[PDB]
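Engineer: Encoded as structure tokens, here's the structure I'll be asking about.
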Amino acid sequence: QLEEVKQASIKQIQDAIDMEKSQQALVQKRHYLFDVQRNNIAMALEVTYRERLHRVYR
Amino acid sequence: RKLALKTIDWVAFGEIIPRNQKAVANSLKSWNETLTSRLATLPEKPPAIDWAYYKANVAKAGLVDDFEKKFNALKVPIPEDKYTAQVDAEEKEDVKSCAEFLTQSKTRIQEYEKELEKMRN
Amino acid sequence: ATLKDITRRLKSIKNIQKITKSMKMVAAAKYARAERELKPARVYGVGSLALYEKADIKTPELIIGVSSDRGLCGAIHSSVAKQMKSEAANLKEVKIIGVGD
Amino acid sequence: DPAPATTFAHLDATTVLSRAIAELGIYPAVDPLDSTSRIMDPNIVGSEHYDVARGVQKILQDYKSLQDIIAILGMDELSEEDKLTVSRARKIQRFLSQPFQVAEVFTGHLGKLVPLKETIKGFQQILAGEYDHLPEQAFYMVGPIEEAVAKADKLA
Amino acid sequence: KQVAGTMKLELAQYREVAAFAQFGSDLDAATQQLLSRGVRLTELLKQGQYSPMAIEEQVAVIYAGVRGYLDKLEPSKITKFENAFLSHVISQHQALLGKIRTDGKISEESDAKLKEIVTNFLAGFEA
Amino acid sequence: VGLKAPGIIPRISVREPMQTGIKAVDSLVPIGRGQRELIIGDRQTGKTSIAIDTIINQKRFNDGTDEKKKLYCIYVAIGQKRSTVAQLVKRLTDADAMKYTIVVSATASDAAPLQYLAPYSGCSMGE
């Protein structure tokens, strides 16, 4: 009798945890990524204009 | 200058790489840091020449003054986008991420929790 | 003092330097080998213990040093020496065999 | 004796031409750890030299460190990486052997010259291990690192 | 003083165990640590030629090391870390740095802020 | 140039700090001002460098307001050839620390009394 009652209380929170954890991660991470992507581009644009003004002035 | 944090990002980035780009992101992280530190350093703009000293005291001023006019008239563009519908394939990837996983998973979890009731026993 | 004294010094040290090295590499060669050659042995001897392992036998009644025949190119002997006189306290019958001189 | 001591100031790049190297039959017979410059410093010239060299000098010396080890043990025991590095070090070494135009009488060769970038590049290649599947002794007496490579090929 | 007292000392000892301990010796954990750490500290004072600095950075990075934030890291990468760290804090925590300069004296909060900055930075330094 | 070193009473001890941007230095041989500190060292070990970064460091201070700490630097260069100096000076130029700097230069060549004199000179100027 006693085995199955514990077995299942284990399995159920296990599958609850992983599914809610998998959801929770993606939102903020991809929010994460979204921004790095706009960064990665943006960077170089600033650099490059700024650099142009030095380069010609020399 | 050019970049920013959005969400939580340079740390929160690197660890987490959607399989459909997963491998790329590991390499991309380190590239980004290179750009980051570089840009922050550069000068942003030089001085802009003291003409008064040079025009008066470089007395080939026919040459100097003509070159002056060409320089003062000289107009300048900006660099070029190439890679920023990634920015927009973002909102698409953001659907995939929430609703495409959000929804199906929320219905799954629905079942796991309802089954939790009986297995208290 | 003087350079004399110094060289007198130097002389030997240099000699030493060499000597030590002669003795060193030679030793190392022997050693190298000794180790090398030790592989089947390692197993084998490890083997030796096979069941002494799986049950040691007790003697309320065989101390036996094993060292080489020379030392002081280390305090090698001194270790066993230690460990054997230390032994000898503990023991029964103390009749000892010294492999190694 | 003060004079050279002073001289050191007056020395700025230093040449000890070296018997060892010579002994290795290597003409060039120079020792690297002496072919130095007080201005040879990384911040003060550059680490491209200094580090590519440090890697090299490392490698050779490190190899020297192994050379004593190997001197006892043979090659076998080492890590393969070491074996590689030895070979490389050695290629590099060999790559330093450079024929002489001015001593076809000695060399029986024309000499060579090596354009620095190409030289270095060369070492990047060996360093990169790129040629370490090639005759090491093809690095012997050549000009461009390419010619060492070339020299390897005709063989294998 | 707050970082240095310890450090100078640590280096002394470190040096001492550089000097007696392990190089082909013993392997007592204490001393081995001192060495690891020490070794770290060594790099940390190791300064490029053409590299003068602001004091606060210095106390900062030093602090980091003092407080053992890098034993868990291998020596070369400290350097990397530092640069990066430095530019980071310069950027954001110029605030904090500013302050640290201002009071001339690291403060517990700051320590935490710093700590965090570093730990996290460090965390970033790895991941 | 021959002005005496003033007395005790015409002097006062240090409480001043001075910085070099060299972590190690400011920390470990933390130096104030007045202080005689022997730099002893060898063939461009940065031997010379060391002074340079220090000077450079003071730039911020010379860019700062630590006037009370404003460090006028005098590098009396004895025996360093014109070239050596050339490099050095140039570096300083670039750093334009030179604005707060005398470089008294008695190069390698010099008539010895000049070389001799030069420090006393530098000294006077600094006094």
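Scheme for the structure tokens: letters A, B, ... for chains in order shown; per-chain residue numbers from 1; ligand numbers from 1 in order shown.
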I need the contact residues of chain F against chain E, so if you could list those with any atom within 10 Å, counting only C-alpha atoms, and return them as a list in words, that would help.
Structural biologist: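 Using only C-alpha atoms, chain F residues at most 10 Å from chain E: residues 19, 20, 21, 22, 23, 24, 25, 26, 27, 28, 29, 30, 45, 46, 47, 49, 50, 52, 53, 54, 55, 56, 57, 58, 59, 60 and 91 of chain F.
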Engineer: Take the residues from that selection and put them in a file with N, CA and C atoms, as a CSV table (one decimal), in the first residue's frame.
Structural biologist:
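The result, written out as selection00.csv:
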```csv
chain,number,residue,atom,x,y,z
F,19,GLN,N,51.0,59.3,-5.2
F,19,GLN,CA,50.4,58.2,-5.9
F,19,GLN,C,51.2,58.1,-7.1
F,20,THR,N,51.1,56.9,-7.7
F,20,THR,CA,52.0,56.6,-8.9
F,20,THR,C,51.1,55.9,-9.8
F,21,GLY,N,50.0,55.4,-9.4
F,21,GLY,CA,49.1,54.6,-10.2
F,21,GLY,C,49.6,53.2,-10.2
F,22,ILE,N,50.6,52.9,-9.5
F,22,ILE,CA,51.2,51.6,-9.5
F,22,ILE,C,50.9,51.1,-8.2
F,23,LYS,N,50.1,50.0,-8.3
F,23,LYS,CA,49.4,49.5,-7.3
F,23,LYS,C,50.2,49.2,-6.2
F,24,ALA,N,51.2,48.5,-6.5
F,24,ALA,CA,52.3,48.0,-5.7
F,24,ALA,C,52.9,49.1,-5.1
F,25,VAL,N,53.1,50.2,-5.8
F,25,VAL,CA,53.9,51.2,-5.2
F,25,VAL,C,53.1,51.8,-4.1
F,26,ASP,N,52.0,52.4,-4.5
F,26,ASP,CA,51.3,53.2,-3.6
F,26,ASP,C,50.8,52.5,-2.5
F,27,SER,N,50.8,51.2,-2.6
F,27,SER,CA,50.3,50.4,-1.6
F,27,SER,C,51.5,50.0,-0.7
F,28,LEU,N,52.5,49.4,-1.4
F,28,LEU,CA,53.3,48.5,-0.6
F,28,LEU,C,54.5,49.2,-0.2
F,29,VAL,N,54.8,50.3,-0.9
F,29,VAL,CA,55.8,51.1,-0.3
F,29,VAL,C,54.9,52.3,-0.4
F,30,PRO,N,53.9,52.5,0.3
F,30,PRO,CA,53.1,53.7,0.2
F,30,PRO,C,53.9,54.9,0.5
F,45,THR,N,63.9,47.6,-17.5
F,45,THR,CA,63.1,46.7,-16.8
F,45,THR,C,61.8,47.5,-16.7
F,46,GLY,N,61.7,48.6,-17.5
F,46,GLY,CA,60.8,49.5,-17.2
F,46,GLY,C,61.4,50.3,-16.2
F,47,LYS,N,62.8,50.2,-16.0
F,47,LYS,CA,63.4,50.8,-14.8
F,47,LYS,C,63.1,52.2,-14.9
F,49,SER,N,60.7,53.2,-17.1
F,49,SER,CA,59.3,53.1,-17.2
F,49,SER,C,58.5,53.5,-16.0
F,50,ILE,N,59.1,53.1,-14.9
F,50,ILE,CA,58.5,53.1,-13.7
F,50,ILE,C,58.2,54.5,-13.3
F,52,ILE,N,58.0,56.7,-15.5
F,52,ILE,CA,57.1,57.3,-16.5
F,52,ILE,C,55.7,57.2,-16.2
F,53,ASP,N,55.2,56.0,-15.8
F,53,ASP,CA,53.9,55.7,-15.5
F,53,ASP,C,53.5,56.5,-14.3
F,54,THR,N,54.4,56.7,-13.4
F,54,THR,CA,54.1,57.5,-12.2
F,54,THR,C,53.8,58.8,-12.5
F,55,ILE,N,54.6,59.5,-13.4
F,55,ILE,CA,54.4,60.8,-13.9
F,55,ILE,C,53.1,60.9,-14.6
F,56,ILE,N,52.8,60.0,-15.5
F,56,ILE,CA,51.6,59.9,-16.2
F,56,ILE,C,50.5,59.8,-15.2
F,57,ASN,N,50.6,59.1,-14.2
F,57,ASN,CA,49.6,59.0,-13.2
F,57,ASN,C,49.2,60.3,-12.6
F,58,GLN,N,50.2,61.2,-12.5
F,58,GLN,CA,50.0,62.4,-11.8
F,58,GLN,C,49.2,63.3,-12.7
F,59,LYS,N,49.2,63.0,-14.0
F,59,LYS,CA,48.4,63.7,-14.9
F,59,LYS,C,47.0,63.9,-14.4
F,60,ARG,N,46.3,62.9,-13.9
F,60,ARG,CA,45.0,63.1,-13.4
F,60,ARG,C,44.9,64.1,-12.4
F,91,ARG,N,57.4,60.3,-25.1
F,91,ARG,CA,56.3,59.7,-24.4
F,91,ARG,C,55.6,60.6,-23.5
```
Engineer: Neighbouring residues of residue 111 of chain E were defined as those with any atom within 12 Å, considering only C-alpha atoms; residues of the same chain fewer than 4 positions away were excluded. Please report them as a PDB file with N, CA, C and O atoms, in the first residue's frame.
Structural biologist:
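Final file, around.pdb:
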```pdb
ATOM      1  N   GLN E   2      42.816  48.851   4.562  1.00  0.00           N
ATOM      2  CA  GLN E   2      41.778  47.924   4.705  1.00  0.00           C
ATOM      3  C   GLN E   2      42.000  46.798   3.783  1.00  0.00           C
ATOM      4  O   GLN E   2      41.688  45.671   4.134  1.00  0.00           O
ATOM      5  N   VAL E   3      42.607  47.022   2.606  1.00  0.00           N
ATOM      6  CA  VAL E   3      42.864  45.874   1.791  1.00  0.00           C
ATOM      7  C   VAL E   3      44.289  45.458   1.961  1.00  0.00           C
ATOM      8  O   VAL E   3      44.617  44.280   1.884  1.00  0.00           O
ATOM      9  N   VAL E  59      42.340  49.778  -5.246  1.00  0.00           N
ATOM     10  CA  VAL E  59      41.886  49.268  -3.989  1.00  0.00           C
ATOM     11  C   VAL E  59      40.824  48.293  -4.239  1.00  0.00           C
ATOM     12  O   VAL E  59      40.772  47.285  -3.574  1.00  0.00           O
ATOM     13  N   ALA E  60      39.967  48.597  -5.213  1.00  0.00           N
ATOM     14  CA  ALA E  60      38.885  47.768  -5.616  1.00  0.00           C
ATOM     15  C   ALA E  60      39.270  46.424  -6.074  1.00  0.00           C
ATOM     16  O   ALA E  60      38.699  45.423  -5.669  1.00  0.00           O
ATOM     17  N   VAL E  61      40.276  46.333  -6.930  1.00  0.00           N
ATOM     18  CA  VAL E  61      40.527  45.082  -7.565  1.00  0.00           C
ATOM     19  C   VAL E  61      41.265  44.291  -6.576  1.00  0.00           C
ATOM     20  O   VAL E  61      41.191  43.075  -6.515  1.00  0.00           O
ATOM     21  N   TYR E  63      41.053  44.604  -3.315  1.00  0.00           N
ATOM     22  CA  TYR E  63      40.052  44.207  -2.401  1.00  0.00           C
ATOM     23  C   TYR E  63      39.498  42.919  -2.815  1.00  0.00           C
ATOM     24  O   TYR E  63      39.297  42.046  -1.998  1.00  0.00           O
ATOM     25  N   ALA E  64      39.210  42.792  -4.109  1.00  0.00           N
ATOM     26  CA  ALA E  64      38.602  41.638  -4.651  1.00  0.00           C
ATOM     27  C   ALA E  64      39.391  40.436  -4.359  1.00  0.00           C
ATOM     28  O   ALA E  64      38.913  39.383  -3.975  1.00  0.00           O
ATOM     29  N   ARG E  67      39.888  39.545  -0.680  1.00  0.00           N
ATOM     30  CA  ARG E  67      38.769  38.918  -0.123  1.00  0.00           C
ATOM     31  C   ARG E  67      38.549  37.616  -0.812  1.00  0.00           C
ATOM     32  O   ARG E  67      37.562  36.944  -0.576  1.00  0.00           O
ATOM     33  N   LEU E  96      29.654  54.155  -7.435  1.00  0.00           N
ATOM     34  CA  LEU E  96      30.155  53.493  -6.301  1.00  0.00           C
ATOM     35  C   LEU E  96      31.574  53.809  -6.173  1.00  0.00           C
ATOM     36  O   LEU E  96      32.094  53.994  -5.088  1.00  0.00           O
ATOM     37  N   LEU E  97      32.260  53.861  -7.301  1.00  0.00           N
ATOM     38  CA  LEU E  97      33.640  54.130  -7.317  1.00  0.00           C
ATOM     39  C   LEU E  97      33.861  55.497  -6.878  1.00  0.00           C
ATOM     40  O   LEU E  97      34.798  55.795  -6.178  1.00  0.00           O
ATOM     41  N   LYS E  99      32.141  57.361  -5.057  1.00  0.00           N
ATOM     42  CA  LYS E  99      31.937  57.384  -3.676  1.00  0.00           C
ATOM     43  C   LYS E  99      33.123  56.881  -2.978  1.00  0.00           C
ATOM     44  O   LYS E  99      33.522  57.417  -1.967  1.00  0.00           O
ATOM     45  N   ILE E 100      33.693  55.787  -3.462  1.00  0.00           N
ATOM     46  CA  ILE E 100      34.758  55.096  -2.817  1.00  0.00           C
ATOM     47  C   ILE E 100      35.942  55.974  -2.822  1.00  0.00           C
ATOM     48  O   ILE E 100      36.690  56.052  -1.859  1.00  0.00           O
ATOM     49  N   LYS E 105      37.601  55.565   1.435  1.00  0.00           N
ATOM     50  CA  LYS E 105      37.524  54.522   2.388  1.00  0.00           C
ATOM     51  C   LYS E 105      36.337  53.760   1.960  1.00  0.00           C
ATOM     52  O   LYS E 105      35.224  54.274   1.953  1.00  0.00           O
ATOM     53  N   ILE E 106      36.576  52.494   1.562  1.00  0.00           N
ATOM     54  CA  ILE E 106      35.567  51.497   1.276  1.00  0.00           C
ATOM     55  C   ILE E 106      34.633  51.334   2.448  1.00  0.00           C
ATOM     56  O   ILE E 106      34.995  51.593   3.592  1.00  0.00           O
ATOM     57  N   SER E 107      33.359  51.035   2.177  1.00  0.00           N
ATOM     58  CA  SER E 107      32.413  50.992   3.231  1.00  0.00           C
ATOM     59  C   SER E 107      31.606  49.805   2.886  1.00  0.00           C
ATOM     60  O   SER E 107      31.680  49.316   1.799  1.00  0.00           O
ATOM     61  N   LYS E 115      31.072  43.856  -3.905  1.00  0.00           N
ATOM     62  CA  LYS E 115      31.130  42.456  -3.857  1.00  0.00           C
ATOM     63  C   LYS E 115      30.294  41.938  -4.868  1.00  0.00           C
ATOM     64  O   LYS E 115      30.605  40.981  -5.503  1.00  0.00           O
ATOM     65  N   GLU E 116      29.155  42.540  -4.983  1.00  0.00           N
ATOM     66  CA  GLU E 116      28.154  42.091  -5.828  1.00  0.00           C
ATOM     67  C   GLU E 116      28.523  42.341  -7.151  1.00  0.00           C
ATOM     68  O   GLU E 116      28.354  41.553  -8.032  1.00  0.00           O
ATOM     69  N   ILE E 117      29.067  43.496  -7.351  1.00  0.00           N
ATOM     70  CA  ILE E 117      29.481  43.951  -8.597  1.00  0.00           C
ATOM     71  C   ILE E 117      30.465  43.003  -9.092  1.00  0.00           C
ATOM     72  O   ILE E 117      30.184  42.402 -10.097  1.00  0.00           O
ATOM     73  N   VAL E 118      31.516  42.722  -8.336  1.00  0.00           N
ATOM     74  CA  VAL E 118      32.492  41.762  -8.660  1.00  0.00           C
ATOM     75  C   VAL E 118      31.960  40.427  -8.794  1.00  0.00           C
ATOM     76  O   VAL E 118      32.305  39.824  -9.754  1.00  0.00           O
ATOM     77  N   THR E 119      31.184  39.887  -7.880  1.00  0.00           N
ATOM     78  CA  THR E 119      30.812  38.509  -7.798  1.00  0.00           C
ATOM     79  C   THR E 119      30.100  38.151  -8.993  1.00  0.00           C
ATOM     80  O   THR E 119      30.249  37.084  -9.531  1.00  0.00           O
TER      81      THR E 119
END
```
Engineer: Work out how far atom CA of residue 35 of chain C is from atom CA of residue 64 of chain C, in Å to one decimal.
Structural biologist: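 Distance between the two atoms: 22.6 Å.
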Engineer: Could you please determine the separation between atom CA of residue 68 of chain C and atom CA of residue 83 of chain C in Å, to one decimal place?
Structural biologist: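 Between atom CA of residue 68 of chain C and atom CA of residue 83 of chain C the gap works out to 15.0 Å.
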Engineer: Would you list the contacts of residue 80 of chain F as a ChimeraX atom specification, taking every protein, DNA or RNA residue within 9 Å and counting only C-alpha atoms, but skipping same-chain residues closer than 2 positions in sequence?
Structural biologist: /D:9 /F:77-78,82-85,105-109
Engineer: Would you write out, as a Markdown table, a table of all residues in chain B that have an atom no more than 9 Å from an atom of chain A, listing for each the closest atom pair and the distance in Å to one decimal, considering only C-alpha atoms and ordering rows by chain and rising residue number?
Structural biologist:
```
| residue | atom | partner | partner_atom | distance |
| --- | --- | --- | --- | --- |
| B:1 | CA | A:46 | CA | 6.3 |
| B:2 | CA | A:43 | CA | 3.7 |
| B:3 | CA | A:39 | CA | 3.7 |
| B:4 | CA | A:39 | CA | 5.6 |
| B:5 | CA | A:35 | CA | 6.3 |
| B:6 | CA | A:35 | CA | 4.4 |
| B:7 | CA | A:32 | CA | 4.9 |
| B:8 | CA | A:32 | CA | 5.5 |
| B:9 | CA | A:32 | CA | 5.0 |
| B:10 | CA | A:36 | CA | 7.3 |
| B:12 | CA | A:32 | CA | 6.5 |
| B:13 | CA | A:33 | CA | 6.0 |
| B:14 | CA | A:33 | CA | 8.9 |
| B:16 | CA | A:29 | CA | 7.0 |
| B:17 | CA | A:33 | CA | 8.7 |
| B:18 | CA | A:30 | CA | 8.7 |
| B:32 | CA | A:40 | CA | 6.3 |
| B:35 | CA | A:43 | CA | 7.1 |
| B:36 | CA | A:43 | CA | 7.0 |
| B:38 | CA | A:47 | CA | 8.5 |
| B:39 | CA | A:47 | CA | 5.4 |
| B:40 | CA | A:47 | CA | 8.1 |
| B:42 | CA | A:47 | CA | 7.0 |
| B:43 | CA | A:51 | CA | 6.8 |
| B:44 | CA | A:50 | CA | 4.3 |
| B:45 | CA | A:50 | CA | 5.2 |
| B:46 | CA | A:54 | CA | 4.8 |
| B:47 | CA | A:57 | CA | 7.7 |
| B:48 | CA | A:57 | CA | 7.1 |
| B:49 | CA | A:57 | CA | 8.0 |
| B:76 | CA | A:52 | CA | 8.7 |
| B:77 | CA | A:49 | CA | 8.3 |
| B:78 | CA | A:49 | CA | 6.3 |
| B:79 | CA | A:45 | CA | 6.1 |
| B:80 | CA | A:45 | CA | 7.7 |
| B:81 | CA | A:41 | CA | 8.0 |
| B:82 | CA | A:41 | CA | 8.8 |
| B:83 | CA | A:41 | CA | 7.4 |
| B:84 | CA | A:41 | CA | 7.3 |
| B:86 | CA | A:37 | CA | 7.3 |
| B:87 | CA | A:38 | CA | 6.1 |
| B:90 | CA | A:34 | CA | 6.3 |
| B:91 | CA | A:34 | CA | 8.4 |
| B:93 | CA | A:30 | CA | 8.2 |
| B:94 | CA | A:30 | CA | 6.9 |
| B:97 | CA | A:26 | CA | 6.4 |
| B:98 | CA | A:27 | CA | 6.6 |
| B:101 | CA | A:23 | CA | 7.2 |
| B:102 | CA | A:23 | CA | 6.2 |
| B:105 | CA | A:19 | CA | 6.9 |
| B:106 | CA | A:20 | CA | 8.4 |
| B:108 | CA | A:19 | CA | 8.3 |
| B:109 | CA | A:16 | CA | 6.4 |
| B:112 | CA | A:16 | CA | 6.4 |
| B:113 | CA | A:16 | CA | 7.1 |
| B:115 | CA | A:12 | CA | 7.8 |
| B:116 | CA | A:12 | CA | 6.2 |
| B:119 | CA | A:9 | CA | 5.9 |
| B:120 | CA | A:9 | CA | 6.4 |
| B:121 | CA | A:5 | CA | 6.0 |
```
Engineer: Determine, counting only C-alpha atoms, which protein, DNA and RNA residues have an atom within 10 Å of an atom of residue 119 of chain F; residues of the same chain fewer than 4 positions away are not included. Present the result as a ChimeraX atom specification.
Structural biologist: /F:1,74-78,104-106,114-115,123-125
Engineer: Could you give me the residues within chain F that DSSP places in helix (DSSP H, G or I), as a PyMOL selection string?
Structural biologist: chain F and resi 23-28+49-62+82-94+97-100+112-126
Engineer: Save out the residues we just selected, N, CA and C atoms, as a short mmCIF file (atom, residue, chain, number, x, y, z; two decimals), in the first residue's frame.
Structural biologist:
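Below is the file that was written, again38.cif:
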```cif
data_model
loop_
_atom_site.label_atom_id
_atom_site.label_comp_id
_atom_site.auth_asym_id
_atom_site.auth_seq_id
_atom_site.Cartn_x
_atom_site.Cartn_y
_atom_site.Cartn_z
N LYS F 23 50.11 50.02 -8.35
CA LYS F 23 49.35 49.53 -7.27
C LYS F 23 50.23 49.25 -6.17
N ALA F 24 51.22 48.45 -6.54
CA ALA F 24 52.26 47.97 -5.75
C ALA F 24 52.92 49.06 -5.09
N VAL F 25 53.09 50.17 -5.77
CA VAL F 25 53.89 51.15 -5.15
C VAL F 25 53.14 51.82 -4.12
N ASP F 26 52.02 52.38 -4.52
CA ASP F 26 51.29 53.21 -3.63
C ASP F 26 50.84 52.47 -2.48
N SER F 27 50.77 51.16 -2.62
CA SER F 27 50.33 50.37 -1.57
C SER F 27 51.46 49.99 -0.73
N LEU F 28 52.47 49.42 -1.36
CA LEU F 28 53.29 48.55 -0.62
C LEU F 28 54.46 49.22 -0.17
N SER F 49 60.73 53.16 -17.09
CA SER F 49 59.29 53.14 -17.23
C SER F 49 58.54 53.52 -16.04
N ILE F 50 59.06 53.05 -14.93
CA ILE F 50 58.45 53.13 -13.67
C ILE F 50 58.19 54.53 -13.33
N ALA F 51 59.19 55.37 -13.55
CA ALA F 51 59.03 56.76 -13.34
C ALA F 51 58.01 57.28 -14.29
N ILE F 52 57.98 56.75 -15.51
CA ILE F 52 57.11 57.33 -16.49
C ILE F 52 55.68 57.16 -16.15
N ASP F 53 55.24 55.96 -15.84
CA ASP F 53 53.88 55.72 -15.45
C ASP F 53 53.48 56.50 -14.28
N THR F 54 54.42 56.72 -13.37
CA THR F 54 54.13 57.46 -12.20
C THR F 54 53.77 58.85 -12.55
N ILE F 55 54.57 59.45 -13.42
CA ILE F 55 54.39 60.79 -13.89
C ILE F 55 53.09 60.90 -14.56
N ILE F 56 52.82 59.96 -15.47
CA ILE F 56 51.60 59.86 -16.19
C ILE F 56 50.46 59.85 -15.25
N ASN F 57 50.58 59.08 -14.17
CA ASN F 57 49.56 59.01 -13.20
C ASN F 57 49.19 60.32 -12.60
N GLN F 58 50.19 61.18 -12.47
CA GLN F 58 49.98 62.43 -11.83
C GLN F 58 49.23 63.30 -12.68
N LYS F 59 49.16 62.98 -13.97
CA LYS F 59 48.37 63.66 -14.90
C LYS F 59 47.05 63.87 -14.43
N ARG F 60 46.33 62.86 -13.93
CA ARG F 60 45.00 63.06 -13.43
C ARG F 60 44.89 64.10 -12.40
N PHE F 61 45.98 64.30 -11.66
CA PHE F 61 46.10 65.14 -10.50
C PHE F 61 46.41 66.48 -10.96
N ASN F 62 47.15 66.53 -12.03
CA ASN F 62 47.48 67.74 -12.68
C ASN F 62 46.27 68.11 -13.47
N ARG F 82 70.60 61.03 -25.84
CA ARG F 82 69.67 61.90 -26.46
C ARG F 82 68.55 61.14 -26.99
N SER F 83 68.85 60.01 -27.62
CA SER F 83 67.87 59.07 -28.03
C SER F 83 67.06 58.57 -26.91
N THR F 84 67.65 58.35 -25.76
CA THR F 84 66.92 57.65 -24.76
C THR F 84 65.88 58.51 -24.29
N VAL F 85 66.32 59.72 -24.09
CA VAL F 85 65.59 60.82 -23.71
C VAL F 85 64.59 61.07 -24.73
N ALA F 86 64.92 60.91 -26.00
CA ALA F 86 64.04 61.25 -27.05
C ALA F 86 62.84 60.45 -26.96
N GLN F 87 63.01 59.17 -26.72
CA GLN F 87 61.90 58.34 -26.52
C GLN F 87 61.10 58.72 -25.37
N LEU F 88 61.81 59.05 -24.30
CA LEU F 88 61.14 59.29 -23.09
C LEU F 88 60.31 60.48 -23.10
N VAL F 89 60.94 61.56 -23.50
CA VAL F 89 60.37 62.85 -23.61
C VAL F 89 59.22 62.79 -24.46
N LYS F 90 59.40 62.10 -25.58
CA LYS F 90 58.34 61.95 -26.48
C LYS F 90 57.17 61.35 -25.83
N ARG F 91 57.37 60.29 -25.08
CA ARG F 91 56.31 59.66 -24.39
C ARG F 91 55.60 60.60 -23.49
N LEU F 92 56.35 61.44 -22.80
CA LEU F 92 55.83 62.43 -21.91
C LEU F 92 55.05 63.43 -22.61
N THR F 93 55.48 63.80 -23.80
CA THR F 93 54.84 64.75 -24.63
C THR F 93 53.50 64.29 -24.92
N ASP F 94 53.45 63.00 -25.23
CA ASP F 94 52.25 62.39 -25.66
C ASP F 94 51.29 62.35 -24.58
N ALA F 97 52.35 65.34 -19.89
CA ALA F 97 52.48 65.51 -18.50
C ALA F 97 53.35 66.70 -18.33
N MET F 98 54.04 67.05 -19.43
CA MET F 98 55.10 67.96 -19.58
C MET F 98 54.68 69.28 -19.17
N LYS F 99 53.42 69.59 -19.32
CA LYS F 99 52.87 70.79 -18.83
C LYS F 99 53.15 71.05 -17.36
N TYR F 100 53.27 70.01 -16.50
CA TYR F 100 53.60 70.14 -15.11
C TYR F 100 54.98 69.64 -14.85
N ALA F 112 81.00 66.08 -17.90
CA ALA F 112 80.76 65.50 -16.63
C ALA F 112 80.31 66.51 -15.67
N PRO F 113 80.85 67.69 -15.56
CA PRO F 113 80.42 68.62 -14.57
C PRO F 113 79.03 69.00 -14.81
N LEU F 114 78.59 68.91 -16.05
CA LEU F 114 77.24 69.23 -16.35
C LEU F 114 76.38 68.23 -15.75
N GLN F 115 76.79 66.98 -15.92
CA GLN F 115 76.04 65.88 -15.46
C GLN F 115 75.95 65.90 -14.02
N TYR F 116 77.07 66.27 -13.41
CA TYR F 116 77.16 66.42 -12.03
C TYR F 116 76.17 67.44 -11.57
N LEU F 117 76.15 68.55 -12.27
CA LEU F 117 75.49 69.68 -11.78
C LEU F 117 74.06 69.56 -11.85
N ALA F 118 73.62 68.99 -12.96
CA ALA F 118 72.27 68.86 -13.37
C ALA F 118 71.33 68.53 -12.25
N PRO F 119 71.56 67.60 -11.37
CA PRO F 119 70.63 67.31 -10.31
C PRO F 119 70.44 68.40 -9.36
N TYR F 120 71.49 69.13 -9.05
CA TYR F 120 71.48 70.19 -8.10
C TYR F 120 70.66 71.23 -8.65
N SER F 121 70.79 71.35 -9.96
CA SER F 121 70.00 72.23 -10.73
C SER F 121 68.58 71.90 -10.63
N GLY F 122 68.22 70.66 -10.99
CA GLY F 122 66.89 70.15 -10.94
C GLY F 122 66.33 70.38 -9.61
N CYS F 123 67.19 70.19 -8.63
CA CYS F 123 66.88 70.33 -7.28
C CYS F 123 66.49 71.70 -6.97
N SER F 124 67.26 72.68 -7.40
CA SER F 124 66.93 74.04 -7.14
C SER F 124 65.62 74.42 -7.68
N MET F 125 65.37 74.00 -8.90
CA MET F 125 64.14 74.27 -9.56
C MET F 125 62.96 73.72 -8.86
N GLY F 126 63.17 72.55 -8.26
CA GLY F 126 62.11 71.89 -7.57
C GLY F 126 61.93 72.46 -6.24
#
```
Engineer: If you run DSSP on the backbone, which residues of chain C are strand (DSSP E or B), as an MDAnalysis selection string?
Structural biologist: chainID C and resid 65:66 98:99
Engineer: Keeping only N, CA, C and O atoms, write the selected residues to a file as an mmCIF file, in the first residue's frame.
Structural biologist:
```
data_model
loop_
_atom_site.group_PDB
_atom_site.id
_atom_site.type_symbol
_atom_site.label_atom_id
_atom_site.label_comp_id
_atom_site.auth_asym_id
_atom_site.auth_seq_id
_atom_site.Cartn_x
_atom_site.Cartn_y
_atom_site.Cartn_z
ATOM 1 N N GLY C 65 63.682 -6.175 7.517
ATOM 2 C CA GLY C 65 63.988 -4.972 6.843
ATOM 3 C C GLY C 65 64.360 -5.327 5.476
ATOM 4 O O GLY C 65 64.797 -6.434 5.193
ATOM 5 N N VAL C 66 64.183 -4.341 4.613
ATOM 6 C CA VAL C 66 64.418 -4.427 3.230
ATOM 7 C C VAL C 66 64.790 -3.024 2.959
ATOM 8 O O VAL C 66 64.012 -2.100 3.153
ATOM 9 N N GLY C 98 67.581 -8.683 6.853
ATOM 10 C CA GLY C 98 67.754 -7.396 6.283
ATOM 11 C C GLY C 98 68.163 -7.691 4.945
ATOM 12 O O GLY C 98 69.187 -8.288 4.710
ATOM 13 N N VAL C 99 67.387 -7.231 3.999
ATOM 14 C CA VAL C 99 67.714 -7.379 2.634
ATOM 15 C C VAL C 99 68.140 -6.018 2.384
ATOM 16 O O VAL C 99 67.447 -5.098 2.749
#
```
